[PDB]
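Visitor:
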Amino acid sequence: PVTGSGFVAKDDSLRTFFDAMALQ
Amino acid sequence: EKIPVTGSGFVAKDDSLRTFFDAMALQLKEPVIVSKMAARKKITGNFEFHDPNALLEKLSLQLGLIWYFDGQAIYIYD
Amino acid sequence: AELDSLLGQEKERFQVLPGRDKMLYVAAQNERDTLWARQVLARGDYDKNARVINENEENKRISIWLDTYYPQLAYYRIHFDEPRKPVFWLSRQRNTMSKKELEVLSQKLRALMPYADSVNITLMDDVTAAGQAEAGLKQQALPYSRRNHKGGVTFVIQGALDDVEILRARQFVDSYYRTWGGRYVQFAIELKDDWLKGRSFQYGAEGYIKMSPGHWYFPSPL
Amino acid sequence: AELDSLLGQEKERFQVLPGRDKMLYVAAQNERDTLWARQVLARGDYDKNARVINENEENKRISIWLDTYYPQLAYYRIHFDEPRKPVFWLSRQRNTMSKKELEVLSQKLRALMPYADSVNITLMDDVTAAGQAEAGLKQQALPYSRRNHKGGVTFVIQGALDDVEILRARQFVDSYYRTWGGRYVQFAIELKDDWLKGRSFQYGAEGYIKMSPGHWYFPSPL
Amino acid sequence: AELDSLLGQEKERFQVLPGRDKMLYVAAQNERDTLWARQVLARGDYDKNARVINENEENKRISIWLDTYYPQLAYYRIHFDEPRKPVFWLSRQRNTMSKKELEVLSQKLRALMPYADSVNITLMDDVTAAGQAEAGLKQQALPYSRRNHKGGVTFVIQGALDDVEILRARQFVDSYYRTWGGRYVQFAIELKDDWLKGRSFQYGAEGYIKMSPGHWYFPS
Amino acid sequence: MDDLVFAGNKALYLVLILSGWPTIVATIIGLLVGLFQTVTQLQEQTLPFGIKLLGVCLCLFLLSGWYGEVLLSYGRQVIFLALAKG
Amino acid sequence: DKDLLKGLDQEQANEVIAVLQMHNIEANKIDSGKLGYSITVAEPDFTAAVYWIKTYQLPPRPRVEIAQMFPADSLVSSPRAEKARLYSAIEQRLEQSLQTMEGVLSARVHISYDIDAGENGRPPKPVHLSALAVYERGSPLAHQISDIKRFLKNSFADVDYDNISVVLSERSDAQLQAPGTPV
Amino acid sequence: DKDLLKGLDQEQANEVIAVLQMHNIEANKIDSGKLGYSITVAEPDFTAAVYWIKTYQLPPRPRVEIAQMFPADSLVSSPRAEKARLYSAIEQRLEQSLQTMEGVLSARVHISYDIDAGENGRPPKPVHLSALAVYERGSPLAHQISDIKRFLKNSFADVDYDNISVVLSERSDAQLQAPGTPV
Amino acid sequence: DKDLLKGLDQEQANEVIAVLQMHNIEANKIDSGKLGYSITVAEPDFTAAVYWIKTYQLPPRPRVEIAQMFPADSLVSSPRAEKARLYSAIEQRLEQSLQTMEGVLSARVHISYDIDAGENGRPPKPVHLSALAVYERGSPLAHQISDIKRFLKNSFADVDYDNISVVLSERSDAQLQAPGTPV
Amino acid sequence: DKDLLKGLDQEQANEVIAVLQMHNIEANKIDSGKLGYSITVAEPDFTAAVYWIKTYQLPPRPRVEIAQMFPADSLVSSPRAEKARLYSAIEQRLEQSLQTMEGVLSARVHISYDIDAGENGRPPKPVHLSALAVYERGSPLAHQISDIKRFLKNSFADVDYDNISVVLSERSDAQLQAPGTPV
Ligand SMILES: CCCCCCCCCCCC[N+](C)(C)[O-]
Ligand SMILES: CCCCCCCCCCCC[N+](C)(C)[O-]
Ligand SMILES: CCCCCCCCCCCC[N+](C)(C)[O-]
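Protein chains in written order, with UniProt numbering: chain A, 29 to 52; chain B, 26 to 103; chain C, 171 to 392; chain D, 171 to 392; chain E, 171 to 390; chain F, 1 to 86; chain G, 20 to 202; chain H, 20 to 202; chain I, 20 to 202; chain J, 20 to 202.
(1) Which residues mark the beginning and the end of the beta strand (DSSP E) in which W365 (chain C) is found?
(2) Taking 8 angstroms as the CB-CB limit, is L105 (chain J) close to chain F?
(3) Going straight from the alpha carbon of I223 (chain D) to that of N182 (chain G), what length do you get?
(4) Could you tell me which uninterrupted beta strand (DSSP E) segments, each at least 3 residues in length, are contained entirely in the region 94 to 152 of chain I, listed from first to last along the chain?
(5) Where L195 (chain J) and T59 (chain I) are concerned, what is the direct C-alpha to C-alpha distance, given to the nearest angstrom?
(6) So for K181 (chain C), helix, strand or coil by DSSP?
(7) Check the C-beta distance from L24 (chain I) over to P78 (chain I) and give it rounded, since I have them as a contact under 8 angstroms.
(8) Alpha carbon to alpha carbon, how far is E172 (chain E) from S188 (chain G)? Give it in angstroms, no decimals.
(9) Chain B beta carbons: is any one of them nearer than 8 angstroms to that of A330 (chain D)?
(10) Return the CA-CA distance between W71 (chain G) and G306 (chain D), expressed in angstroms with no decimal places.
(11) Using the Cα positions of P159 (chain H) and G122 (chain H), report the straight-line distance between them to the nearest angstrom.
(12) Along the alpha helix (DSSP H) that carries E228 (chain E), what are the first and last residues, could you check?
(13) Only counting the same chain, and skipping five residues up and downstream in sequence, which positions put a Cβ closer than 7 angstroms to that of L243 (chain C)?
(14) Do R254 (chain C) and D203 (chain C) come within 8 angstroms of each other at the CB atom, strictly closer than that value?
(15) How about the region 192 to 211 of chain E and the region 36 to 53 of chain I: do they share at least three Cβ pairs that are nearer than 8 angstroms?
(16) Would DSSP call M283 (chain E) helix, strand or coil?
(17) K168 (chain G): which of H:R156, H:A176, H:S184 and H:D166 sits nearest, CA to CA?
(18) Under the criterion of a Cβ to heavy atom distance below 7 angstroms, does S19 (chain F) qualify as lining ligand 2?
(19) Can you pull the DSSP bridge partners for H249 (chain D)?
(20) With distances taken Cα to Cα, identify the nearest neighbour of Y346 (chain D) among D:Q302, D:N318 and D:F371.
(21) Within the region 303 to 360 of chain C, note down every full beta strand (DSSP E) run reaching 3 residues or more, in order along the chain.
(22) Label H162 (chain H) either buried or exposed according to how many other C-beta atoms from any shown protein chain fall within 10 Å of its C-beta, with 16 as the threshold for buried.
(23) Please report the residue range of the alpha helix (DSSP H) in which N33 (chain G) lies.
(24) Cβ of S97 (chain H) within 7 angstroms of any heavy atom in ligand 3?
(25) So, at 7 angstroms on beta carbons, what are the nonlocal neighbours of residue 17 (chain G) in its own chain, with the 5 sequence-adjacent residues on each side left out?
(26) Going along the region 180 to 200 of chain D in order, which residues come within less than 9 angstroms of chain C, judged by CB to CB distance?
(27) In chain B, what lies closer than 7 angstroms to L42 (chain A) by C-beta?
(28) Does any residue of chain I have a CB that is nearer than 8 angstroms to the CB of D333 (chain D)?
(29) How many whole angstroms separate the CB atoms of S93 (chain G) and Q76 (chain H), which I take to be in contact at a CB cut-off of 8 angstroms?
(30) So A61 (chain G) and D22 (chain G) are in contact, right, with Cβ under 8 angstroms, and what is the actual spacing, rounded?
(31) Count the other C-beta atoms from every protein chain shown that fall within 10 angstroms of the C-beta of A37 (chain H), then say buried if there are 16 or more, exposed otherwise.
(32) If you follow the alpha helix (DSSP H) that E82 (chain B) is in, where does it begin and where does it stop?
(33) Is the CB of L84 (chain B) under 8 angstroms away from at least one CB in chain A?
(34) If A103 (chain G) and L105 (chain I) are in contact, beta carbons under 8 angstroms, what's the gap, nearest whole angstrom?
(35) Helix or strand or just coil, what does DSSP make of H385 (chain D)?
Right under this line is the structure:
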């Protein structure tokens, strides 16, 4: 992921996934 | 010295958010009140408390907290 | 009892050359053959002076001497396909020398190799070298990264590799190195686990690692 | 009964030099050959005076003498590829001497080495030595830090290094040391419980900030 | 039966010198060799008078004599690379003496060393000595502290050092001492335990450790 | 379950060695008194019992301290294992 | 002639001879049958031979293997003993397999004995491995570490490349010429 | 002639002979019957012979198999022991099958012994496999790895291509000409 | 000649001779078979030989290993005893592996025995390791500590580089010339 | 001549001779075999020899090791005696390892025996160590204490530099010249 910003999920609960999205 | 580190900062290692934000309270110049639900979360790292408001705003969005300031104390909730 | 009569039945396996220092030089092709000959000399079956030589040993020896008298010469490799007339490959870009200087160099090499009649110096192109390396890695379909420096190029092959890939890589690299040597281009092969050990993380300038749900760690930009 | 007849069957393995001392000097390539020779003398198989020598021993001895009589001379190493005419490398920047002084130095060294006919003094560039070090690390993709002092340069390589990185690093350093010696450039290789391999950052409002070198490091929480 | 014939096969190892008191002085390089020689004399193989000597022993003996007749002289070390013409290093700053006085000193040393033909006195710079020490520590990248006094310099190296650091320090210090002696510059190595492993803390001004949640500690 | 395996095997080993000593003494005495009746060719029921009783009482007077040491050690050890998880 | 050693085994004597020859000491091996082998040297070489025997601590002790501590034939075994015999056999089998790879001369393997605790009621720890190997001259060691890591990784249920240490070395110079006899 | 080794078995003798001949050392094999085989060489070759015997650690050890530690001819066998002998027989039967493929000369196979936990009350780990093989000269190794992987995958109830390691090598040059006799 | 010692082992005799020769004392070794070896010196050297024998506390003693304290005869030996023998074997096997590395002459190794508690009832503590080693002359000790740490870290299930101590030293000067005979 | 001592061991006799020679008393050692060694001196020296024998409390006593109080002769051995043998083995093995460091001549080590309570039901106390050592002349003692503390720290489960004591001493002057015979 040389550029930008994203999240690499590993069977993560939606609460932790959308929490990581909250900053954007 | 028992503290052989050169700069200044706070080195957290598996700190409950209560015991972490207390270390930030002197730079904030305000007493901090933390809810038990938020105090269940943990953090690790090396931090610069250079501009506390701007740090607190960012960490709120990264950790999912919400915070308020009534003029006497800072309140942080999940 | 000539020396050729002592080396074996397979006459074509070895090559005997006379040298200006009044010594026989037995050129060999590999380590196994080298030791097959050295045993014969060291036992003392022959009674005059003789020596055993091969391309790898001679490249090492001559590089060691260059390190002393020409510590800034840019070069690739010395080929001994014709052991009486070796070929020495120099970089066209990274060297500035006159024809006279090259001749002097030639004569000093000729003094180091008493079995050679002359040393032929040939100028090679760096872009050509680099291009053959990258074309080889593409042709073999390996994943790789290229880094460029003033003096060299480096190709990093790393991550989770399959057996077939590892085999292809080893074969190719072994082939390249025998032509160009290891001075200008280096191949770094490194087996990596998954970078972060099965943990979720956010990459970029604000990155962080999830040690566990409810536990953040802030090591670095990611 | 000459000495050469006593050292073995492989005549060229050793080299015998007469000297003004009226003592034979035997030149050997490495410690194992050194002891192979010394046994012949110490057993008393030979009756006249003889001595065994090698490059490392001579470097040490000469440096000990210079420490007494020239305690501020900045220099690299003395090469004995051709033992009759050694080459002594001095720094061009850090020394200030006249030709006469250099000549006197040469003569005194000649007095220390009764087997040598003359000593050639050559001036080398420090910037060159440092650049060849740094480019040699980049050519291997090792992680490193550089630190500059008035009189020297230190490269620090540390952390949870991999086995192939350890191997490549120790091959390089063992090749450089033979050429430039350890006086001017130093390499430290240290294993730590740390996965960032020596990098270090602080997190602030504006993100990560690189932290200057220091003895303390944050041990790996992973 | 000369003495050289009795010391061994390796004639290069020892050096025999005749002294003005008509006694043979055998110069050795180390302790092991020293005892290898002393056994021959103590056994009584040789018949005339002889003595065994080395650099360390003579440095000590001379220092003991200086302690009595020159109790305020500032000096470094006496070198015996050429045992017939030792070199004596004095401080340039901490000594004020006339040329005549230095010459007299030279003659008295020559009277103490009946195997030496003359003593060469050389003046060395203290700033140089101290500088080459500190530069050697920076070269080795050790952590250190420097303390300065009227008549000496002390370098303190302390902490939870690694084995590669202990090895480097040991090699360096031992190399320096042989050149300069131990009179002006002193090194102190002190290993200490680690309080920080596994604890969070604040550092810089107003630094404190905390042993456990609810337990602060304020070092000085 | 290495803990259950250990406690179960040790219980049986302790039974075997705690009980062995009295029975060994009783058997050796039994044999010697049975022999003496043969070489004397003189016979009665009661002499072996009478001597066996004394032999066992002396055995207990001597060893019993060690029986206490062994049993206390095992008693503590099993409790600590039972409550080991917390 | 002076006696250095007596009552040696075959494979001790051969090691002693090899080490003396390497330092230019001509030695002789004699067989007394039930009394074993005897080694002799000339007087001029006696001093040196004693110095080398001290320095190398010759004659060598036999190889140690963990199964020697836990014989198969005792009346009873706790689980710990059986588990130790098992790993003590897997080590030897991997060593014998690596010695068949291309151009390897000899090798050593070590496995982390987790057996020293039960891991009962508990998560058993992952395995760790170390290997040492010696190669013929002219081998690209850097390129050859990959093969060994790849091969060992799949020998066990859970191993990470991070948990495998590999150390390689080349063969020393060959000793072909015979030592000289004292004059 | 100097005695190198005595009381060797047939397989040890032929191994030693092969290694020496490769280095141009003429050796001789003598039979003493119940006392085994003896190996002898000429004096000019003695030094080299000793050095190579040390370098290869000859004579070779007997080959190790896991079932040797848990003999079946024993009064009682714990489940761990039985579960071990089963795997140690499957390994050998796979080696013997691989040797029958076209162009293969020899092979070694290894399986992850999950028996090192009972996995009672626990889910069993997946299986991992490792294999080494030697081919005739002129064999397309790259195209032959696929067949082996395919064949091994279905040998066990649950195996992923990612858990199978395969290492291949070619036969070395043939030693056909005889060594020269010392003059 | 005066008798210094009688009834020595072969190993004690060769150590005594080595130490006296180092100090220029000519000694003689005599073999009496069932009575062992005897050491003798001349009178002019008697005093010195005595003083050295006292200062070095010769003859040397036998070499201790922890497994010597716990030879198993029981049906059931303690969880303490089994674990002790296990660690006491791993120590020796590591010293034997290290001695094969390039240019090491000898080495010794030590492990922290947690077993001084049975670890009944209480959780097990992490391991620590210490090693000593001796090198051939001209070895870059600083650069060679890394190899040893890397090799030992992965021989055990939980070890940190911080918990491994390594101490290295070079060989002393070689004793090649023979001592002089009293006049 | 007057008899001082009879029925000595070899190592008692050599110690007595060493101590009397140091004070310029010429003594003689005689062997009676099964009756041991006897020591004799001349009359003019008898008085002095008596005074020194008293002052040094000669002949010396046998060396004591804690394992000698807890011999292995029981069918059940108590945990206290097992831990006593364990620590009494580790102490000795550490002393033997220290004597191999560069230029040490002799050493002693002591460990805190926390076993005088079983530590059953009580949390175990931390370890303490003490060491004494003697060096060759011309040794930088200050720089060598660091090495020893570093080495001892990691040989045990939990030790602080504050809890290791080290005491060093140099060797005395050598006794090389023989004593004079009474006129
Ligand atoms: C002393 C007689 C009664 C002892 C009873 C011990 C019960 C042990 C139960 C477990 C047996 C099976 N095992 C050993 C595999 O666990
Ligand atoms: C015939 C009596 C049977 C008693 C069985 C128990 C014997 C051991 C416990 C009692 C020991 C008494 N003692 C020796 C301390 O006095
Ligand atoms: C008449 C038979 C009585 C058997 C029970 C006697 C009381 C138990 C023994 C108490 C003393 C135990 N001891 C010897 C360890 O102190």
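Beta carbons are placed, not taken as given, at the ideal position from N, Cα and C, and that holds for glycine.
Guide: The short version:
(1) On the third sequence, position 195 is the one that residue 365 (chain C) refers to. Segment: none, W365 (chain C) is in no beta strand (DSSP E) and carries neither H nor E.
(2) For the purposes of this step, residue 105 (chain J) is identified with residue 86 of the tenth sequence, where counting begins at 1. Closer than 8 angstroms: no.
(3) As a first step, residue 223 (chain D) must be located in the fourth sequence, where it is residue number 53. As a first step, residue 182 (chain G) must be located in the seventh sequence, where it is residue number 163. Rounded to whole angstroms, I223 (chain D) to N182 (chain G) spans 45 angstroms at the Cα level.
(4) 123 to 130
(5) For the purposes of this step, residue 195 (chain J) is identified with residue 176 of the tenth sequence, where counting begins at 1. For the purposes of this step, residue 59 (chain I) is identified with residue 40 of the ninth sequence, where counting begins at 1. Near 18 angstroms, if we compare the C-alpha coordinates of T59 (chain I) and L195 (chain J).
(6) Working through the third sequence from its first residue, we reach residue 181 (chain C) at position 11. Note: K181 (chain C) maps to helix in three-state DSSP.
(7) By one-based count along the ninth sequence, residue 24 (chain I) stands at place 5. By one-based count along the ninth sequence, residue 78 (chain I) stands at place 59. Correct: roughly 6 angstroms between the Cβ atoms.
(8) Looking up residue 188 (chain G) in the seventh sequence gives position 169. Looking up residue 172 (chain E) in the fifth sequence gives position 2. Going from the Cα of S188 (chain G) to the Cα of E172 (chain E) covers about 51 angstroms.
(9) Stepping through the fourth sequence from its first residue, residue 330 (chain D) is reached at position 160. Output row for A330 (chain D): interface = no.
(10) In the seventh sequence, counting from the first residue as 1, residue 71 (chain G) sits at position 52. In the fourth sequence, counting from the first residue as 1, residue 306 (chain D) sits at position 136. Approximately 40 angstroms, taken between the alpha carbons.
(11) Numbered from 1 along the eighth sequence, position 140 holds the residue referred to as residue 159 (chain H). Numbered from 1 along the eighth sequence, position 103 holds the residue referred to as residue 122 (chain H). In a straight line, the C-alpha of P159 (chain H) is about 10 angstroms away from that of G122 (chain H).
(12) Counting from one through the fifth sequence, the residue named residue 228 (chain E) turns up at place 58. Segment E225 to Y239, the alpha helix (DSSP H) holding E228 (chain E).
(13) The residue labelled residue 243 (chain C) in the question sits at position 73 within the third sequence. The answer, listed in chain order, is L236 and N265.
(14) As a working note, residue 203 (chain C) is residue 33 in the third sequence. As a working note, residue 254 (chain C) is residue 84 in the third sequence. It is not a contact, given that the beta carbons lie outside the stated cut-off.
(15) yes
(16) In the fifth sequence, residue 283 (chain E) corresponds to position 113, counting from 1. Reduced to three states, the DSSP call for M283 (chain E) is coil.
(17) Taking the seventh sequence and counting its residues from 1, the one referred to as residue 168 (chain G) is at position 149. Ranking H:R156, H:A176, H:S184 and H:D166 by Cα distance to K168 (chain G) puts H:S184 first.
(18) As a position in the sixth sequence, residue 19 (chain F) is number 19, starting the count at 1. Incorrect: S19 (chain F) has no Cβ contact closer than 7 angstroms to ligand 2.
(19) Walking along the fourth sequence from the start, residue 249 (chain D) turns up at place 79. Looking at the DSSP assignment, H249 (chain D) forms a beta bridge with D:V257.
(20) Counting from one through the fourth sequence, the residue named residue 346 (chain D) turns up at place 176. Checking every option, the nearest Cα to that of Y346 (chain D) belongs to D:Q302.
(21) 315 to 318 and 323 to 329
(22) As a working mapping, residue 162 (chain H) is identified with position 143 in the eighth sequence. It is exposed - the Cβ of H162 (chain H) has fewer than 16 other Cβ atoms within 10 Å.
(23) As a first step, residue 33 (chain G) is located in the seventh sequence; it is residue number 14 there, counting from the start. Segment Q29 to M41, the alpha helix (DSSP H) holding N33 (chain G).
(24) Locating residue 97 (chain H) in the eighth sequence gives position 78, counting from the first residue. Flag unset: Cβ of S97 (chain H) not near ligand 3.
(25) Past the boundaries of the shown model lies residue 17 (chain G); chain G is included only from 20 to 202, so the question cannot be answered.
(26) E180, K181 and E182
(27) The sequence position of residue 42 (chain A) within the first sequence is 14, counting from 1. Under the 7 angstroms cutoff, chain B gives no residues; its nearest Cβ is about 13 angstroms from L42 (chain A).
(28) Taking the fourth sequence and counting its residues from 1, the one referred to as residue 333 (chain D) is at position 163. So, interface residue.
(29) The sequence position of residue 93 (chain G) within the seventh sequence is 74, counting from 1. The sequence position of residue 76 (chain H) within the eighth sequence is 57, counting from 1. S93 (chain G) to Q76 (chain H), Cβ: 31 angstroms. No contact.
(30) In the seventh sequence, the residue the question calls residue 61 (chain G) occupies position 42. In the seventh sequence, the residue the question calls residue 22 (chain G) occupies position 3. The Cβ separation is near 12 angstroms, so there is no contact.
(31) Walking along the eighth sequence from the start, residue 37 (chain H) turns up at place 18. With fewer than 16 Cβ atoms within 10 Å of its Cβ, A37 (chain H) is classed as exposed.
(32) Within the second sequence, numbered from 1, the residue matching residue 82 (chain B) stands at position 57. Looking at the DSSP string, the run of the alpha helix (DSSP H) that includes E82 (chain B) is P77 to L88.
(33) Locating residue 84 (chain B) in the second sequence gives position 59, counting from the first residue. Closer than 8 angstroms: no.
(34) Taking the seventh sequence and counting its residues from 1, one reaches residue 103 (chain G) at position 84. Taking the ninth sequence and counting its residues from 1, one reaches residue 105 (chain I) at position 86. Confirmed, about 6 angstroms.
(35) The sequence position of residue 385 (chain D) within the fourth sequence is 215, counting from 1. Looking at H385 (chain D) - three-state DSSP - the assignment turns out to be coil, as it is neither helix nor strand.
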